[PDB]
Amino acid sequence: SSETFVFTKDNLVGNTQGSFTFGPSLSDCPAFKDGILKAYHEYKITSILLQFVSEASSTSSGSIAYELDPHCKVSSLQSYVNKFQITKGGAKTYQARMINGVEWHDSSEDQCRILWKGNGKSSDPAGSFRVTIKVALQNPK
């Protein structure tokens, strides 16, 4: 079995900070965590598309850093290596080898985590995330 889920994180402002934990902890996608994940013994998220959609002013400033934590060992963003400029938005596709998506996981266990942290102004709308996950599932429950 193979399935795609799209979910959003909306109303980000310039200093927004947060995380997505992919697996049973993926609160932002209840259809995955409460539905599909309860029907199978094993899953693996084989790819993740992280899109930042800007709503920012042409004169806005700052960036939203994002960090892929493949083993769920990072609690809040520490690496500013990768970032989306708030005025431009951006997109990043993650392959299985980079997101712990090669091995099958028990449906009670989380696979990986994306963290973000903006350095823009809290008063200014930045935009939203649109996240697409591709999930393989097997061994029905």
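Residues carry their position along the shown sequence, with the first being 1.
Between 131 to 139 and 1 to 9, it is 1 to 9 that carries the larger average Cα temperature factor according to the deposited entry. Stretches 18 to 26 and 114 to 122 differ in mean C-alpha B factor, with the higher average recorded for 18 to 26. Out of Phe52, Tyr40, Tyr66, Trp104, the entry records its largest CA B-factor for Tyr40. Comparing the C-alpha B-factors of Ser108, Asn100, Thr59, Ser47 in the entry, the top value falls on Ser108. Looking at the C-alpha B-factors along this chain, the one for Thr93 belongs to the middle third.
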